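*Asks:* The structure is given below, and queries will be raised subsequently.
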Amino acid sequence: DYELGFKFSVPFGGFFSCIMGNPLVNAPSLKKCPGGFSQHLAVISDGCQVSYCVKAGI
Amino acid sequence: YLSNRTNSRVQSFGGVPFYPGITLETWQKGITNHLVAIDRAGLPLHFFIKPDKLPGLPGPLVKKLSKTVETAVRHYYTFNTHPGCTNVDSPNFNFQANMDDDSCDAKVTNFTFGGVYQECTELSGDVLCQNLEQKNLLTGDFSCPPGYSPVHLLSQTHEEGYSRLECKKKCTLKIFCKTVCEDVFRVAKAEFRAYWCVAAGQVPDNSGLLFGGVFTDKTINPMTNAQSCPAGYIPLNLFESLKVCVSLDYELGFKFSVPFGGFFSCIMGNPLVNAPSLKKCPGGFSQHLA
Amino acid sequence: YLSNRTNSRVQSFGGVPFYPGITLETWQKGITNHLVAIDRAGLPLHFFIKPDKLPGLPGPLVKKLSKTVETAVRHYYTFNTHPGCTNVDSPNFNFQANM
Amino acid sequence: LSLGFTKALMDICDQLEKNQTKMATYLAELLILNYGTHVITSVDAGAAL
Ligand SMILES: *[C@@H]1O[C@H](CO)[C@@H](O)[C@H](O)[C@H]1NC(C)=O
Ligand SMILES: *[C@@H]1O[C@H](CO)[C@@H](O)[C@H](O)[C@H]1NC(C)=O
Ligand SMILES: *[C@@H]1O[C@H](CO)[C@@H](O)[C@H](O)[C@H]1NC(C)=O
């Protein structure tokens with residue numbers, strides 16, 4: 001819901017594991033962190049780290 | 001063969017000085033004073049430097065002052081506000097009209113040699129591979145990251161025995177069968193092959209990271225002066241007893257990183273210089289035991 | 001193969017500092033003070049900026065003032081009242097005459 | 001503001017009026033080392049275990 005999300009959203013993105021690919025750019029030609037968002041850990045799964053590209057805009 | 005193993009860890013802040021036999025109550029009733037700030041929120045101090053909050057003073061001059069204080073913060077915030085050098089640590093050969101407390105044990109000027117990697121090889125049985133598997137994080141499996149080299153840190157072997165599980169059924173003469181559960185001794189062995197990960201050359205900052213923090217359960221971590229991982233660090237248990245902490249994120253690492261390098265055992269080689277022609281400590285960093 | 005699994009979670013606000021062995025009573029009797037606002041209702045503060053509630057001041061000017069305060073709220077309400085940028089977080093490279 | 005805080009602040013201000021940038025910026029750096037980079041406006045008196 002919009003209600004308090006509009007001010008508490010942190011408009012994230014997405015990112016696969018460090019071994020898997022990525023959804024966004026930095027036609028499958030790229031495979032690495034989708035843009036910026038350096039390794040801000042969220043969870044480890046048997047060796048691979050799962051992170052995102054969490055934008056914090058307006 | 002009986003073996004208890006008990007742990008316990010209270011961690012209170014803050015009430016009456018804790019002690020094991022204490023009730024869960026006399027703790028509470030004794031909280032009258034002994035209160036502690038469990039959560040706090042404030043503002044950047046530059047916000048409080050404003051002509052209203054200040055007594056009689058020239059208007060635009062307090063704007064100047066606020067900007068100066070804020071820039072000083074900025075300096076102290078991003079890096080250690082360095083005009084010329086780190087100053088207070090070992091005040092001998094430093095420019096000390098500023099303030100700067102980076103670190104003291106620096107002996108090398110090597111580059112950002114990130115990465116963490118190893119190899120857990122089994123010699124016999126299947127016991128030790130499941131827990132000595134300190135697989136690489138930067139790749140999600142046994143590999144180095146691109147631009148780095150998984151050069152062999154150290155090989156080592158261990159010999160432990162576990163009375164395994166055995167619940168097997170045995171037929172007597174193909175008519176009836178019995179299940180003869182009989183757990184058997186077995187000395188398993190695993191050859192622990194550590195492979196220190198080091199960058200090959202200039203790193204792209206998109207996928208080249210800096211880290212820091214190494215200690216055992218017995219050796220203290222002088223990095224954090226503790227026996228655990230500092231905040232924002234996964235303790236990667238690369239070694240037999242080491243938990244190599246990872247600066248997986250920039251956030252506080254930029255100011256608490258200590259941009260390490262790598263080094264094999266004194267019998268094994270080394271990753272950096274002081275085309276395999278050299279075998280001795282990679283550069284400086286005299287024997288600072290880990 | 002036996003396996004108990006117990007949970008427990010009290011969440012009180014607000015009486016005497018809770019503790020497990022407490023009765024459901026000594027909680028109550030000890031509520032003499034230790035009261036807490038469990039529910040509240042009020043008005044938007046722009047409503048309270050009116051010439052009657054204010055001391056001697058120019059009439060239309062308090063209308064101006066109420067409109068300004070209300071617009072400031074509006075700004076702070078919808079988005080984070082941004083003239084130029086996010087300011088207090090990491091005050092290094094931000095335009096920080098706003099909030 | 002506190003007394004010591006105002007003292008340090010108007011000291012840096014006298015340094016800037018006295019045009020001595022180096023001593024001024026060093027005094028500001030000392031201020032930030034001596035009074036932290038943020039002032040607290042809210043705490044929660046409690047305890048945990
Ligand atoms: C410790 O070992 C004893 C036997 O000596 C056993 O009865 C007990 O369950 C074990 N654990 C504890 C917590 O005492
Ligand atoms: C816990 O396990 C015991 C057996 O040790 C059983 O008697 C009891 O019902 C279980 N549950 C609780 C709440 O004690
Ligand atoms: C202060 O220093 C600046 C830069 O050197 C100079 O232009 C100015 O004349 C000095 N004095 C005053 C009062 O600003």
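Naming scheme: A, B, ... for chains in displayed order of the structure tokens; residues 1 onward per chain; ligands 1 onward as shown.
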Any idea which chain D residues end up within 12 Å of chain C if we count only C-alpha atoms, as a PyMOL selection string please?
*Replies:* chain D and resi 37-38+46-49
*Asks:* Next, dump the selected residues to file, keeping only N, CA, C and O atoms, as a PDB file, in the first residue's frame.
*Replies:*
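That gives us part28.pdb:
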```pdb
ATOM      1  N   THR D  37      30.181  14.239  16.161  1.00  0.00           N
ATOM      2  CA  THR D  37      29.616  14.752  14.927  1.00  0.00           C
ATOM      3  C   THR D  37      28.106  14.856  14.952  1.00  0.00           C
ATOM      4  O   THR D  37      27.505  15.155  13.919  1.00  0.00           O
ATOM      5  N   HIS D  38      27.471  14.605  16.088  1.00  0.00           N
ATOM      6  CA  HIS D  38      26.030  14.726  16.172  1.00  0.00           C
ATOM      7  C   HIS D  38      25.657  15.034  17.604  1.00  0.00           C
ATOM      8  O   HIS D  38      26.347  14.627  18.540  1.00  0.00           O
ATOM      9  N   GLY D  46      15.986   2.913  29.365  1.00  0.00           N
ATOM     10  CA  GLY D  46      15.495   1.575  29.551  1.00  0.00           C
ATOM     11  C   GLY D  46      16.620   0.664  29.958  1.00  0.00           C
ATOM     12  O   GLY D  46      17.714   1.114  30.297  1.00  0.00           O
ATOM     13  N   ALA D  47      16.340  -0.627  29.925  1.00  0.00           N
ATOM     14  CA  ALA D  47      17.360  -1.629  30.144  1.00  0.00           C
ATOM     15  C   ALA D  47      16.988  -2.862  29.354  1.00  0.00           C
ATOM     16  O   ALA D  47      15.838  -3.049  28.960  1.00  0.00           O
ATOM     17  N   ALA D  48      17.978  -3.710  29.129  1.00  0.00           N
ATOM     18  CA  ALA D  48      17.774  -4.921  28.367  1.00  0.00           C
ATOM     19  C   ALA D  48      18.536  -6.045  29.032  1.00  0.00           C
ATOM     20  O   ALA D  48      19.392  -5.824  29.884  1.00  0.00           O
ATOM     21  N   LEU D  49      18.224  -7.260  28.618  1.00  0.00           N
ATOM     22  CA  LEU D  49      18.901  -8.436  29.128  1.00  0.00           C
ATOM     23  C   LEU D  49      18.714  -9.535  28.110  1.00  0.00           C
ATOM     24  O   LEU D  49      17.581  -9.869  27.771  1.00  0.00           O
TER      25      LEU D  49
END
```
*Asks:* Do you know which residues are within 8 Å of ligand 2 using only C-alpha atoms and all ligand atoms? Can you write them as a PDB file with C-alpha atoms, in the first residue's frame?
*Replies:*
```pdb
ATOM      1  CA  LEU C   2      11.840 -36.321  22.122  1.00  0.00           C
ATOM      2  CA  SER C   3      11.768 -32.623  21.263  1.00  0.00           C
ATOM      3  CA  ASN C   4      10.075 -29.923  23.306  1.00  0.00           C
ATOM      4  CA  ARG C   5       9.884 -26.406  21.913  1.00  0.00           C
ATOM      5  CA  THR C   6       8.565 -23.608  24.121  1.00  0.00           C
TER       6      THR C   6
END
```
*Asks:* Could you tell me, as a ChimeraX atom specification, which residues of chain A DSSP assigns to strand (DSSP E or B) when given the backbone?
*Replies:* /A:17,43-45,48-50
*Asks:* Considering only C-alpha atoms, extract the chain A residues located within 9 Å of chain B and return them as a PyMOL selection string.
*Replies:* chain A and resi 17-20+32-33+35-36+38-41+44-49
*Asks:* Taking only C-alpha atoms into account, what are the residues of chain D at most 9 Å from chain B, put as number ranges by chain?
*Replies:* D: 1, 6, 9-10, 12-13, 16-17, 23-26, 28-33, 36-49
